[PDB]
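Here the structure is laid out as structure tokens; the discussion comes afterwards.
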There are 2 protein chains.
Amino acid sequence: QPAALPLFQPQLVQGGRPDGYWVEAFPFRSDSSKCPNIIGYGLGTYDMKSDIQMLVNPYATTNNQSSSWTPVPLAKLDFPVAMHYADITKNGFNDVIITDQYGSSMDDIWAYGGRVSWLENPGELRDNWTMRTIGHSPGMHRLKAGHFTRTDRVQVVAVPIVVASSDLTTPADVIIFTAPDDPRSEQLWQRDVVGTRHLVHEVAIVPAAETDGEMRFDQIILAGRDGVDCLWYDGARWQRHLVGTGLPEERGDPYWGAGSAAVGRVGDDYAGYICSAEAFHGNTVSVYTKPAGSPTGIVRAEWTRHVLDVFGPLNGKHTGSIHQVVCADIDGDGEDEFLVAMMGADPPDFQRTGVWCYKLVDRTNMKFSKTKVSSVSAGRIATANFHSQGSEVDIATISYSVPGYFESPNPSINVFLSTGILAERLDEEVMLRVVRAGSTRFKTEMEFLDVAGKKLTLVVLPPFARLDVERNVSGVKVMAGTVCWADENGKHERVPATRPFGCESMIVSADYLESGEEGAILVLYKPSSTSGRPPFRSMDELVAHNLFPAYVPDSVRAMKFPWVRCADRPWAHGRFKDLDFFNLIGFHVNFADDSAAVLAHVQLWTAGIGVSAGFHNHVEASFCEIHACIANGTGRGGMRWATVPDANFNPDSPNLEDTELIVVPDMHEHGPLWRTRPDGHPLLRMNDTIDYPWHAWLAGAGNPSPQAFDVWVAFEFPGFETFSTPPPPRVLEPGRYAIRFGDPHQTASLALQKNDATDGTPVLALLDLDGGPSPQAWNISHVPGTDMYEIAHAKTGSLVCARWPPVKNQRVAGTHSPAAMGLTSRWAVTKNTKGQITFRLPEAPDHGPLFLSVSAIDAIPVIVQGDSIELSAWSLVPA
Amino acid sequence: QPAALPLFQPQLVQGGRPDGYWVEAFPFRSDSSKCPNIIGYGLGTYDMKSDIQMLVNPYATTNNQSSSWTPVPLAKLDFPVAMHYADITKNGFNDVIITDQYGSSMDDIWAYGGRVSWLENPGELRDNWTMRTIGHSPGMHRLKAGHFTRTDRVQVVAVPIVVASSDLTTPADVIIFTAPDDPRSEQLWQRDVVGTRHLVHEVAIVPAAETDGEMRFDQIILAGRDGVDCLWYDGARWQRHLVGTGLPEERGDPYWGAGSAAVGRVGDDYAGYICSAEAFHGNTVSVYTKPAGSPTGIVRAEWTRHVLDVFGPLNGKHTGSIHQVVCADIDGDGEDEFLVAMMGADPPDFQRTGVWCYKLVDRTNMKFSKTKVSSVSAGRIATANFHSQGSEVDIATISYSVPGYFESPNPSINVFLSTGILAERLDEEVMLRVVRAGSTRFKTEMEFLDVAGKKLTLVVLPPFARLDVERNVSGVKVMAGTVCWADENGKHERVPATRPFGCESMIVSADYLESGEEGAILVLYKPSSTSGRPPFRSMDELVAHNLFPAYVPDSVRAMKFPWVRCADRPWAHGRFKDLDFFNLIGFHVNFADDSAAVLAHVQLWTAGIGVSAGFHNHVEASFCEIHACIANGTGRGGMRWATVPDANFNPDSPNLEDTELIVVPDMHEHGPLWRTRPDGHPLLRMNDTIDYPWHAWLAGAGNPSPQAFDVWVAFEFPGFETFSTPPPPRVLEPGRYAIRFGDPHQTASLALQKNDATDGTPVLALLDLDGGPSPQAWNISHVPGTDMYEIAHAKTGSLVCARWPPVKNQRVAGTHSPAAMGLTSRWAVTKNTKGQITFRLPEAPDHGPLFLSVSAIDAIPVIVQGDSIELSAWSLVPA
Ligand SMILES: [Mg+2]
Ligand SMILES: [Mg+2]
Ligand SMILES: [Zn+2]
Ligand SMILES: [Zn+2]
Ligand SMILES: [Zn+2]
Ligand SMILES: [Zn+2]
Ligand SMILES: [Zn+2]
Ligand SMILES: [Zn+2]
């Protein structure tokens, strides 16, 4: 699975700003990177100093209720530009390093300005921090902290863009400032100039710790008129390595080379590529690549420039829309994507406003795709996990707005919170949009409802991911994919529906569970101490509480979920009067991708002692339902279904002798009660509804003194194939095999014609020969929630599929477009005494069995037929 | 149909404000109310004057591209409070009337302040308008313009809340200011005091023109410590009518009576009720009602107070969270809902923050329900149509934020735009959420895509609503409900699918069409001059343009919709290589209510000359598809379907002799090609997919020189019952009938037992007697898109339905919960020579026919049976 991008929940951090320029993820403490604060500000003007605002992260404090980011002004400065942070005082709190006194533009550089200073973090939320001067250089414009020549002091690389008003040709000093031993006294730091460069517009840092032992010290990557280059100190001296020269010079235009550059990790190499925007404020996005089998890192490789995109011509002043690039692992796959900060344009163009996310889609040819992730001005991007402890990467932006120069409407700071789940209000219910679990690399958890002693939580798990739980207490109900856990009785697996008429505990007996190869989506039932405890003697004891986290929309946070007597619902139509029978709604789970497909609808129910929810059969709306009992009032509450024909049972005055009872104890889920074919496909009524016998939840019988409510959850799935009737014996371990027909004397093996991945490619049996092209390998996997198997070509992934229609002598082909419910590409498996395997299609209620077969006893066409068992016995040989 | 509320698209008008208090819909011109500007401001502080900001409506200018509201400061004032507007200079531009110099609170009233002034609108967008003093009174706090004692000058009623610092017991003058003959000279207006009141906190105006001739002049409704009362001038004198006294006085608490009041239209009466918040800044919502058969209006009725809601206790200072009530017809049904402005609370409570919308649900008992429409602070609400010309009502709010008193986080101005359609990005496609057409009272239109010479537009129509079109040019394709138009050949009706294998023009030959009783949802194809003209000779000529209006989210506005060669789509899997066959995606239409149900998926396609889109049968995903051709390349392009068994046709090398061709000319749609039962229910495959014969779009044959593309739209619907095979004769006009069995000599008529609306109530035939309880009436209606009818009880709406299962001798009952696709409650109709009518259920492929019947030849049970024609012949008698 290539990784898909996560979703993003937008949130306005600060709107209505007079201007904007810089945004920075600022961790308040130097021992923690998670939920940092945001600092933002603009360039100011001659009429207004710029407030250096630290916006306090409301999510940082565990158990938070607020989504409001409180601004705390650290300073009020004339013409600030760039900033970074480091623990200067070495006391566990990050200090701010900032440049100011720049002037109002490149044509108005303060000759005595270009100051670099630091702001002492006082270890608590207070405004107006103590500020001390580090040094000065006119035009001072970018800076980063790090360890460049030593590791026992903070050091700062600082670089002016120009040296003087309107001077676009004189190079500027690249300066390293070194903290003194006591930075709270002294004043003016040690300074050393380590190079001169033209129009440097970005400084990027590669921390030594990123380089897996290649570098003792941090590398400085500069993007300016000279192109992109890397400076580093190696214990002995400074060296330089040219990455490339960027945009060629154009006559009458003072900007060439690069405007920004960032270093992109691919797998094991922190520098698998280097991306760049060109030139100063330009419209060109390029990437630098090195040849296959290069050393890791930057300085040992030869780089080559490739232009990816030109977003349009420059204006009269030779500028465009791109302000910055940054690299970050947005989709969690171990490769950095890169983000491009698009300021906006005049005339307005959405293509040049917001953030583009570029993704390396082919490591071999170094091909990238791009996806728009925001369409409001970004003059700068900050990345961090702003909302949780996980390895997700959120994106913060600030609009680019400089009054009387280039102003964006409504300048604002925004944050886009990476998530596998977005919540939105319908009317009385919530739509929960989820990523496909198979292609996400992040765990997402969202608590939604505190009810009946549990915090019901929606949980998206990537493939083979772990979820820690409270052993013997936490419960799970899977809605897509699979999870499993192990205990002394071996492996336990859970899927959307257990076996027909079956019952399974939802309780996890282990300390953790893991998703299988497709990931999982599930409801996790955490224990709660804030929604009552059983026995529930009244609906008052069962009041439910909205648990949505503070970053979900306000309209969802404000929702209540009352229990409503079923008599009072708009669908009662005069029924259920005077019954202790209650309903709580409700939650749709749909895929967030372009299918928008339903996953499940979820609602809750209760029934007092002696109460029946009423016999029904779902002729009104089609779905496959599973119930999970949270609390069983008497121990005897559960599902009954009629075992007689529909015509022979009266749901209004039920004869309970013509029913069977499946008791559903506390924290158990029951299996399907709908009608199925022998291989698990659902029977269907003439109006396209899943066919059910008459059935109902009924509480244990007796007198409600004292009262004790059943509480249960309905999961309404779209139609799917479930398990088989009767259950077949297990005879085949999934794995990778050659699939052979014939005697020890001369075999043919199953083959996809020419290994061709094209839909419709014939499947054949190739004579195995000494000349000896060897057998094609097939992956055989169990289809979860069924007793069926699929056969997928190991090289191309093509599924073994009968062509339509599945009839005697029908041809077999490879496909990635199977029929729904895998009708012609799923197989019932049996083993004879010779230990050969037969694969049989789902049997049409019409016809006889049809087996995967050879067409005769150099290539033999492969077919389905059920006349001859001889032609459909295969040997499986591990490959 | 009760009316449902519309959806609301939120938009931030202005964020990051220092404070907030007032928001007002401000029409710039006095001859137009649509798309007004917004004025907002807060109380200011001693440290900052308050900017009186007029935020320019970007949607006001037809052909707009921007969603940005430009602020224009009209004035900068010390401590402004209330404002309104009127055409003072009588020149066609509204002037602003404003109070200021109030002071900083009720404990700090400026003794020489309480100024009332007006700002002269200069007829263009300029800041800082000329300001002139009208008059003064300390504590001045609310004001409205109108015509109170004359109609030839602007008049202003102005009322202080207190007269002096901390004085909560002295009553204040109720003052009327009258414009001079030349308001641009003179200065200080004529003033008359027309009453004194305690703690007036709201002034509401009933315009004379609203009163259908009851009042010559405007009525002034005041809400204060004295309760709610109405003052008016009648040509002769001022009078007063008490509405009620509001919240009783409580010991130690200075606030009682009312904080706000608004007058609510119900149908023909501009004052069917009066709503109120109590007391000053309180938490109590009450309504005033008058008895059935009262005169219309206010002063002739006796009113009675009813408390609806108390949102919680007051704080230490005796205040709560409600600042204002307003009445407006939010759902367009001719009755005013009311809105309640909830400022917020400390500690925070979502229940007391935002806007609640109260709806009168029972005119008889005057019962209201409430629905949360915003959950961010509203210190004031303005209503208007901010986005179009229609009678929709949008809501603008400003947060209540007074520094050092009660401050809301991120004070902002927001607007909630009333709509039947919300658009949201999925990934490459757009989700269009729509209201149910049956319960909306608004037309909504949203352009989405400019392609192939048409502006494709999504259109929601309420029941019996009109849509003007360009005769013989505009095209429509219905996705839900029905529309029709008339021309010289009579009525034409369109529904989601015409007859199986049929073809109909989409072109409207009339100047308008109308929706039927369920409303409609449709795609309107407007003519375009900005997306090319046929013949389309290349895909370049077919570039499509995003048309979403400026108020939809930026992420949807920024989307492009490229044509992609089908070979290049991720679902091709190696197919369609080197074909001129292209695909454009795409648009989901789903219901916005708690069902979230699919309506249709929409995508587009093209095929060059001689190109086949390939034979297929939809075993992969289930849906009922209809295609509409926009442009037919050769005139011969269209749908072929195989007329032989699935097993007998090779989609890879098709024999076109075993197919039939339906040519689909320009702007035509074809009918269903899927397999159906005789009464229109879809055949279903074992994997729950709609069963289709092999079928494909194929372009006209020949050589692409010169090229000419087919362009067509796919509409993928969920499963539904279509028309019958063969089509039955039309023998019954829908309408209201008594349904009788038997001889002229002695009949029984169809009856719902005891007229009982309960699901499952028996249907019977009651002996018609001289003693003479007369026959129950039934509404018989055609089911659109089918040849079936339904029978609904005229009093209760209950559908005539066979109980499950429909078998010989099965009982018949009334229901509001029919089986999907109306399986047991829809009827095929035939007429014998005696002119009697027989009603037959959809026939199960199993059983024989089953007719609505009497069970014998005082009440006879009614059943379904098909053994005896005798028992199932009915006379229909108009009722
Ligand atoms: Mg420190
Ligand atoms: Mg005027
Ligand atoms: Zn810049
Ligand atoms: Zn990545
Ligand atoms: Zn059920
Ligand atoms: Zn107030
Ligand atoms: Zn209304
Ligand atoms: Zn088709």
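Lettering and numbering for the structure tokens are positional, with chains as A, B, ... in the shown order, residues counted from 1 in each chain, and ligands counted from 1 in the shown order.
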### Task
Give me, as a list in words, the contact residues of chain B against chain A at a cut-off of 6 Å, counting only C-alpha atoms.
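Per the criterion, chain B yields residues 15, 16, 350, 375, 426, 427, 429, 555, 558, 573, 574, 593, 594, 619, 620, 621, 647, 687, 758, 759, 805, 819, 820 and 821 of chain B.
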### Message
List the spatial neighbours of residue 446 of chain A as a list in words - criterion: any atom at most 8 Å away, only C-alpha atoms, same-chain residues fewer than 5 positions off excluded.
### Response
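Contacts, with the query itself left out: residues 421, 457, 458, 459, 548 and 549 of chain A.
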Please write the residues from the selection above to a file, keeping N, CA, C and O atoms, as a PDB file, in the first residue's frame.
ATOM      1  N   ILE A 421      -9.948  10.987  11.024  1.00  0.00           N
ATOM      2  CA  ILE A 421     -11.400  11.085  11.344  1.00  0.00           C
ATOM      3  C   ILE A 421     -11.804  12.560  11.401  1.00  0.00           C
ATOM      4  O   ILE A 421     -11.176  13.371  12.139  1.00  0.00           O
ATOM      5  N   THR A 457     -15.256   5.065  21.672  1.00  0.00           N
ATOM      6  CA  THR A 457     -14.181   5.766  20.922  1.00  0.00           C
ATOM      7  C   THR A 457     -14.037   5.242  19.505  1.00  0.00           C
ATOM      8  O   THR A 457     -13.999   4.027  19.308  1.00  0.00           O
ATOM      9  N   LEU A 458     -13.983   6.114  18.509  1.00  0.00           N
ATOM     10  CA  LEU A 458     -13.806   5.615  17.120  1.00  0.00           C
ATOM     11  C   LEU A 458     -12.303   5.550  16.867  1.00  0.00           C
ATOM     12  O   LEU A 458     -11.581   6.498  17.248  1.00  0.00           O
ATOM     13  N   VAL A 459     -11.816   4.408  16.331  1.00  0.00           N
ATOM     14  CA  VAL A 459     -10.375   4.144  16.285  1.00  0.00           C
ATOM     15  C   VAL A 459     -10.040   3.653  14.940  1.00  0.00           C
ATOM     16  O   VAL A 459     -10.651   2.673  14.445  1.00  0.00           O
ATOM     17  N   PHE A 548     -16.565  14.563  22.295  1.00  0.00           N
ATOM     18  CA  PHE A 548     -15.738  14.954  21.183  1.00  0.00           C
ATOM     19  C   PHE A 548     -14.645  15.854  21.674  1.00  0.00           C
ATOM     20  O   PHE A 548     -14.900  16.735  22.472  1.00  0.00           O
ATOM     21  N   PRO A 549     -13.416  15.684  21.136  1.00  0.00           N
ATOM     22  CA  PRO A 549     -12.290  16.507  21.591  1.00  0.00           C
ATOM     23  C   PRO A 549     -12.447  17.962  21.190  1.00  0.00           C
ATOM     24  O   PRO A 549     -13.237  18.263  20.272  1.00  0.00           O
TER      25      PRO A 549
END
### Message
So that I can check the surroundings of residue 505 of chain A, please list as a list in words every protein, DNA and RNA residue that reaches within 7 Å of it, counting only C-alpha atoms and ignoring chain neighbours fewer than 4 positions away.
### Response
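After dropping sequence-adjacent residues, the list is residues 667, 668 and 669 of chain A.
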### Message
What does the list of residues within 7 Å of ligand 6 look like if you count only C-alpha atoms and all ligand atoms, written as a list in words?
### Response
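Using only C-alpha atoms and all ligand atoms, everything at most 7 Å from ligand 6 comes to residues 201, 280, 281 and 323 of chain B.
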Grab the residues selected above and save them as a CSV table (one decimal), in the first residue's frame with N, CA and C atoms.
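What ended up in out00.csv:
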chain,number,residue,atom,x,y,z
B,201,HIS,N,-34.3,48.1,27.4
B,201,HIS,CA,-33.2,47.5,26.8
B,201,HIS,C,-33.4,47.1,25.4
B,280,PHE,N,-33.2,42.0,32.0
B,280,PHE,CA,-32.0,42.6,31.4
B,280,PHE,C,-30.9,41.5,31.4
B,281,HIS,N,-30.4,41.2,30.2
B,281,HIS,CA,-29.3,40.2,30.1
B,281,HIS,C,-29.6,38.9,30.8
B,323,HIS,N,-29.0,38.2,25.1
B,323,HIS,CA,-28.9,39.6,24.9
B,323,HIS,C,-30.1,40.2,24.1
### Message
Please identify all protein, DNA and RNA residues within 12 Å of ligand 3, counting only C-alpha atoms and all ligand atoms, and report them as a ChimeraX atom specification.
### Response
/A:20-22,42-43,81-82,105-106,141-142,160-161,199-202,223-224,255,258-260,277-282,319-325,341-343,378-380,400-402,406
Store the residues picked out above in a file with C-alpha atoms, as a PDB file, in the first residue's frame.
ATOM      1  CA  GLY A  20       1.552  38.640   8.505  1.00  0.00           C
ATOM      2  CA  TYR A  21       4.947  37.164   7.755  1.00  0.00           C
ATOM      3  CA  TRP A  22       6.247  34.569  10.176  1.00  0.00           C
ATOM      4  CA  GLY A  42       4.302  40.458  10.589  1.00  0.00           C
ATOM      5  CA  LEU A  43       6.939  42.934   9.438  1.00  0.00           C
ATOM      6  CA  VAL A  81      12.032  39.438  10.392  1.00  0.00           C
ATOM      7  CA  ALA A  82      13.231  35.924  11.231  1.00  0.00           C
ATOM      8  CA  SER A 105      11.881  46.898   2.538  1.00  0.00           C
ATOM      9  CA  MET A 106      14.963  46.044   0.529  1.00  0.00           C
ATOM     10  CA  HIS A 141      17.026  38.472   7.380  1.00  0.00           C
ATOM     11  CA  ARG A 142      17.189  34.763   8.289  1.00  0.00           C
ATOM     12  CA  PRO A 160      21.496  39.465   5.885  1.00  0.00           C
ATOM     13  CA  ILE A 161      19.799  39.389   2.474  1.00  0.00           C
ATOM     14  CA  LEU A 199      20.501  37.392  -1.688  1.00  0.00           C
ATOM     15  CA  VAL A 200      20.220  34.563   0.836  1.00  0.00           C
ATOM     16  CA  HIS A 201      16.527  34.115   1.489  1.00  0.00           C
ATOM     17  CA  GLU A 202      16.440  30.858   3.435  1.00  0.00           C
ATOM     18  CA  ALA A 223      19.188  29.199  -0.568  1.00  0.00           C
ATOM     19  CA  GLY A 224      20.111  32.432  -2.378  1.00  0.00           C
ATOM     20  CA  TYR A 255      16.709  37.544  -8.870  1.00  0.00           C
ATOM     21  CA  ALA A 258      16.970  29.978  -5.227  1.00  0.00           C
ATOM     22  CA  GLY A 259      14.408  31.595  -2.866  1.00  0.00           C
ATOM     23  CA  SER A 260      14.088  28.581  -0.439  1.00  0.00           C
ATOM     24  CA  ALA A 277      11.628  27.360  -4.739  1.00  0.00           C
ATOM     25  CA  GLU A 278      13.215  29.802  -7.250  1.00  0.00           C
ATOM     26  CA  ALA A 279      14.138  32.469  -7.335  1.00  0.00           C
ATOM     27  CA  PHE A 280      13.592  35.114  -4.536  1.00  0.00           C
ATOM     28  CA  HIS A 281       9.779  35.067  -4.183  1.00  0.00           C
ATOM     29  CA  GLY A 282       9.547  33.209  -7.482  1.00  0.00           C
ATOM     30  CA  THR A 319       8.489  38.593  -8.150  1.00  0.00           C
ATOM     31  CA  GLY A 320       5.953  35.681  -7.974  1.00  0.00           C
ATOM     32  CA  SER A 321       4.089  33.754  -5.243  1.00  0.00           C
ATOM     33  CA  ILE A 322       6.270  31.154  -3.519  1.00  0.00           C
ATOM     34  CA  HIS A 323       7.826  32.168  -0.263  1.00  0.00           C
ATOM     35  CA  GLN A 324       9.174  28.940   1.335  1.00  0.00           C
ATOM     36  CA  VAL A 325       9.516  25.126   1.027  1.00  0.00           C
ATOM     37  CA  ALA A 341       4.064  28.211   0.755  1.00  0.00           C
ATOM     38  CA  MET A 342       2.042  30.179  -1.810  1.00  0.00           C
ATOM     39  CA  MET A 343       1.489  33.814  -0.742  1.00  0.00           C
ATOM     40  CA  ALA A 378       0.756  31.082   3.335  1.00  0.00           C
ATOM     41  CA  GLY A 379       3.719  33.436   3.728  1.00  0.00           C
ATOM     42  CA  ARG A 380       5.263  30.779   6.040  1.00  0.00           C
ATOM     43  CA  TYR A 400       1.606  36.857   3.734  1.00  0.00           C
ATOM     44  CA  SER A 401       0.470  40.456   4.200  1.00  0.00           C
ATOM     45  CA  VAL A 402       2.648  43.479   4.100  1.00  0.00           C
ATOM     46  CA  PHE A 406       1.392  42.748  -1.062  1.00  0.00           C
TER      47      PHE A 406
END
### Query
What do you get as a VMD selection string if you pick all residues at most 8 Å from ligand 1, counting only C-alpha atoms and all ligand atoms?
chain A and resid 30 86 to 95 120 to 121
### Task
Would you mind listing the residues within 6 Å of ligand 4, counting only C-alpha atoms and all ligand atoms, as a ChimeraX atom specification?
/A:329-337
#### Entry: Cut-off 10 Å, only C-alpha atoms and all ligand atoms, neighbours of ligand 5 as a list in words
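Protein and nucleic-acid residues within 10 Å of ligand 5: residues 613, 614, 615, 616, 617, 618, 623, 624, 625, 626, 627, 639, 641, 673, 674, 692, 693, 694, 695, 696, 697, 714 and 716 of chain A.
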